[PDB]
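Participant: Before I ask anything, here is the structure I am working with.
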Amino acid sequence: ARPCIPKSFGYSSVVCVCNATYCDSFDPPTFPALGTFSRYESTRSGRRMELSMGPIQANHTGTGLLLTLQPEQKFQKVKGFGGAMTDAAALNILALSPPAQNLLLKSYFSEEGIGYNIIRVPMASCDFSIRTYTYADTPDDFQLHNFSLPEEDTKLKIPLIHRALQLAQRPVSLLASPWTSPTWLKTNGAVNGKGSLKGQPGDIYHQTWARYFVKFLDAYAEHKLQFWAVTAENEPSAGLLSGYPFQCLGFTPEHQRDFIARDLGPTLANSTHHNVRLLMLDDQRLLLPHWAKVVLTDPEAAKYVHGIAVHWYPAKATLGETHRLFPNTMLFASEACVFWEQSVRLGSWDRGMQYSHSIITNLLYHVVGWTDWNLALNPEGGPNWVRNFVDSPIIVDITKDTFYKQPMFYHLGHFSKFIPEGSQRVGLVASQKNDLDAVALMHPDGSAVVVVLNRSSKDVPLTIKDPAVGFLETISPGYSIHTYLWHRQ
Ligand SMILES: *[C@@H]1O[C@H](CO)[C@@H](O[C@@H]2O[C@H](CO)[C@@H](O)[C@H](O)[C@H]2NC(C)=O)[C@H](O)[C@H]1NC(C)=O
Ligand SMILES: *[C@@H]1O[C@H](CO[C@@H]2O[C@@H](C)[C@@H](O)[C@@H](O)[C@@H]2O)[C@@H](O)[C@H](O)[C@H]1NC(C)=O
Ligand SMILES: CSCC[C@H]1NC[C@@H](O)[C@H](O)[C@H]1O
């Protein structure tokens with residue numbers, strides 16, 4: 001219905017300006033007839049998920065590249081796409097006026113937007129908080145009688161999550177991750193730095209930390225929010241590095257294995273939230289497949305682990321080999337973000353290409369879902385209480401009641417909007433060596449989705465063949481991303 005309002009900030013492409021009364025949006029989707037496809041196009045030149053239609057022809061004539069759908073070659077089923085509701089994200093959204101907040105939330109979660117269905121919720125503070133805190137900072141409270149949610153949850157995070165769920169067509173799955181435990185449970189007595197839990201898996205410390213998970217889930221349940229999954233610890237390897245600046249909690253692979261087997265696994269299974277999935281790792285994929293071997297060879301740990309969470313910050317040696325060793329334990333991208341460059345580059349087409357190329361690689365190596373980091377940030381990449389400023393698909397300018405949708409937002413949306421939960425990745429065979437990145441999936445309803453990323457400068461003429469329908473003649477322009485959709489019957 002409403003097109004993008006472009007604005008350049010000196011980088012390779014434009015942002016889309018939104019405020020309290022205007023934001024670009026989609027109409028409700030349609031079901032075009034057999035023999036007709038839908039194409040959504042975003043380009044560095046300024047096109048933003050523009051919709052067009054064309055025919056799927058019975059015959060083909062030409063000399064160029066051919067991608068052939070192979071719907072019988074079936075792979076993983078998709079859980080979904082989304083981003084993280086951090087303190088920083090919540091503060092930046094709520095700095096807008098209410099009408100602008102809803103255009104922002106609709107941009108992510110509505111069918112007028114790109115249809116997110118995953119929200120990652122940090123358990124207490126991380127670096128994208130304005131202060132250090134946990135849910136139980138009074139010491140010597142091993143039964144956790146003084147566990148409580150601060151204003152960050154009750155005032156900022158939870159109300160925004162409620163509003164996101166109301167705007168969403170598809171069911172939204174919440175995913176929780178802790179950064180640090182209370183400091184009186186740690187070896188170093190600090191929120192950051194090199195430090196693990198006190199003692200050994202099984203004792204009062206590890207039982208208290210595991211109970212902290214149930215107490216967290218109880219609190220959000222009282223606020224009428226249920227979680228799909230929790231991770232065992234955010235980037236547990238970081239808590240083994242000397243003098244680590246952000247909130248952390250150190251686990252070596254065997255410590256995570258024993259903590260899951262003795263404490264976290266049983267405690268979650270004995271609780272009201274026994275259906276909540278447990279994801280391991282939640283860390284860099286270079287720690288794979290080793291981290292999976294350690295944890296998942298132990299059946300007492302493995303019986304509790306539903307999946308392996310990975311961060312994006314070679315895929316065959318990591319994701320592919322881990323799938324070969326443990327093909328029934330799903331892989332899930334739980335966090336991705338973007339030395340000499342500033343933290344926020346308003347309008348960077350490169351960082352958008354980085355997002356879509358990575359999602360394509362993850363999908364081509366069995367990953368069932370991808371989760372962004374901060375849903376929103378200010379123009380300097382904050383607030384962040386340490387330093388680590390990064391980019392975000394939506395950048396909020398408080399002083400002008402305005403937010404900007406980066407190219408990252410649309411590169412994500414080319415996947416998040418058209419691959420609902422339950423979609424299965426299927427085969428897509430290139431007729432010859434080419435420079436494009438492509439992935440094919442099938443909706444639960446049988447229709448086809450194909451995303452085509454062109455990171456090169458040259459236009460690439462392209463034909464997509466569906467054995468059941470025909471030939472889709474198209475062109476992939478240089479520095480562009482397309483999504484194609486068509487009924488198969
Ligand atoms: C919010 O964004 C809208 C969209 O750009 C602004 O509406 C535009 O206002 C300018 C005046 O400078 C007109 O020339 C355009 O025709 C308007 N665009 C429309 C109606 O689509 C609006 O001004 C912005 N809000 C504020 C407070 O500046
Ligand atoms: C698709 O077209 C095929 C080739 O067509 C033949 O070769 C070209 C070079 C022209 O000379 C054309 O006139 C010829 O008929 C056919 O063999 C095939 O049957 C066609 N199939 C469909 C479904 O249209
Ligand atoms: C992977 S290294 C740095 C840590 C990353 N994952 C944890 C978040 O708190 C950080 O902001 C993000 O950059």
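Labels used: A, B, ... for chains in the order of the structure tokens, numbers from 1 for residues in each chain, and numbers from 1 for ligands as shown.
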Step by step, measure atom-to-atom distances between ligand 1 and each residue using only C-alpha atoms and all ligand atoms, keep those at most 8 Å, then write them as a list in words.
Facilitator: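 What falls inside 8 Å of ligand 1 is residues 5, 17, 18, 19, 20, 21, 22, 23, 400, 401 and 402 of chain A.
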Participant: Throw together the list of residues within 10 Å of ligand 3, counting only C-alpha atoms and all ligand atoms, and drop it here as a PyMOL selection string.
Facilitator: chain A and resi 86+122+125-129+179+234-235+237-238+244-248+282-284+311-313+334-338+373-374+382+384+386-391
Participant: Could the residues in this selection be saved with C-alpha atoms as an mmCIF file, in the first residue's frame?
Facilitator:
data_model
loop_
_atom_site.group_PDB
_atom_site.id
_atom_site.type_symbol
_atom_site.label_atom_id
_atom_site.label_comp_id
_atom_site.auth_asym_id
_atom_site.auth_seq_id
_atom_site.Cartn_x
_atom_site.Cartn_y
_atom_site.Cartn_z
ATOM 1 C CA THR A 86 17.041 -6.454 24.424
ATOM 2 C CA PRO A 122 17.707 -11.994 27.441
ATOM 3 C CA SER A 125 21.157 -7.743 31.776
ATOM 4 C CA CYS A 126 23.645 -8.029 28.929
ATOM 5 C CA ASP A 127 25.869 -5.441 27.258
ATOM 6 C CA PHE A 128 22.793 -3.967 25.548
ATOM 7 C CA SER A 129 21.481 -2.872 28.919
ATOM 8 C CA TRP A 179 24.210 -13.872 30.116
ATOM 9 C CA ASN A 234 24.777 -17.227 25.984
ATOM 10 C CA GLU A 235 28.297 -17.663 24.545
ATOM 11 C CA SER A 237 33.094 -19.907 25.929
ATOM 12 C CA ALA A 238 33.345 -16.149 26.537
ATOM 13 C CA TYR A 244 35.827 -10.506 29.365
ATOM 14 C CA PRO A 245 33.949 -7.167 29.401
ATOM 15 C CA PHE A 246 30.281 -8.141 28.979
ATOM 16 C CA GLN A 247 28.110 -10.129 31.361
ATOM 17 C CA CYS A 248 29.097 -13.774 30.967
ATOM 18 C CA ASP A 282 24.507 -20.783 21.660
ATOM 19 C CA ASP A 283 27.981 -19.723 20.571
ATOM 20 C CA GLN A 284 30.316 -19.385 17.595
ATOM 21 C CA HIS A 311 26.041 -17.469 16.426
ATOM 22 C CA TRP A 312 27.201 -15.992 13.126
ATOM 23 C CA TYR A 313 29.721 -13.375 14.355
ATOM 24 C CA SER A 334 20.272 -17.721 17.559
ATOM 25 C CA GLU A 335 22.286 -14.510 17.062
ATOM 26 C CA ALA A 336 23.891 -12.514 14.259
ATOM 27 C CA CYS A 337 25.076 -8.912 14.089
ATOM 28 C CA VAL A 338 27.319 -6.474 12.233
ATOM 29 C CA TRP A 373 20.268 -9.410 17.561
ATOM 30 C CA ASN A 374 18.838 -6.033 18.664
ATOM 31 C CA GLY A 382 23.496 1.800 21.527
ATOM 32 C CA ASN A 384 25.433 -0.301 25.397
ATOM 33 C CA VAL A 386 30.416 -1.369 27.789
ATOM 34 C CA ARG A 387 31.222 -0.131 24.248
ATOM 35 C CA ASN A 388 30.227 -2.798 21.737
ATOM 36 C CA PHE A 389 28.134 -0.731 19.343
ATOM 37 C CA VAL A 390 26.824 -2.661 16.326
ATOM 38 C CA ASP A 391 24.292 -2.180 13.549
#
Participant: Ligand 2: which residues are within 10 Å, counting only C-alpha atoms and all ligand atoms, as JSON, numbers by chain?
Facilitator: {"A": [57, 58, 59, 60, 61, 470]}
Participant: Go ahead and write the selection's residues with C-alpha atoms as a tab-separated table (two decimals), in the first residue's frame.
Facilitator:
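Output below, filename selection.tsv:
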chain	number	residue	atom	x	y	z
A	57	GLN	CA	5.70	-20.60	-19.52
A	58	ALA	CA	5.28	-24.10	-20.93
A	59	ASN	CA	8.47	-23.96	-23.03
A	60	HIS	CA	11.84	-22.24	-22.76
A	61	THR	CA	14.17	-20.59	-25.26
A	470	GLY	CA	7.08	-24.67	-16.35
Participant: Kindly indicate which residue among A:211, A:277, A:255, A:106 lies nearest to residue 168 of chain A, using only C-alpha atoms for the distances.
Facilitator: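 Counting only C-alpha atoms, the residue closest to residue 168 of chain A is A:106.
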Participant: What lies within 9 Å of residue 170 of chain A using only C-alpha atoms, ignoring chain neighbours under 6 positions off, as a PyMOL selection string?
Facilitator: chain A and resi 109-111+115-117+420-421
Participant: Suppose we keep C-alpha atoms; can you now write the selection as a short mmCIF file (atom, residue, chain, number, x, y, z; two decimals), in the first residue's frame?
Facilitator:
data_model
loop_
_atom_site.label_atom_id
_atom_site.label_comp_id
_atom_site.auth_asym_id
_atom_site.auth_seq_id
_atom_site.Cartn_x
_atom_site.Cartn_y
_atom_site.Cartn_z
CA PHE A 109 5.62 -8.73 13.10
CA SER A 110 2.59 -7.85 10.96
CA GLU A 111 1.50 -9.26 7.62
CA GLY A 115 6.14 -11.46 9.61
CA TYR A 116 8.66 -12.25 12.34
CA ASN A 117 7.78 -15.22 14.53
CA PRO A 420 6.55 -19.51 7.36
CA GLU A 421 7.07 -22.06 10.11
#
Participant: Figure out the distance between atom CA of residue 308 of chain A and atom CA of residue 271 of chain A, please, to one decimal in Å.
Facilitator: 22.1 Å
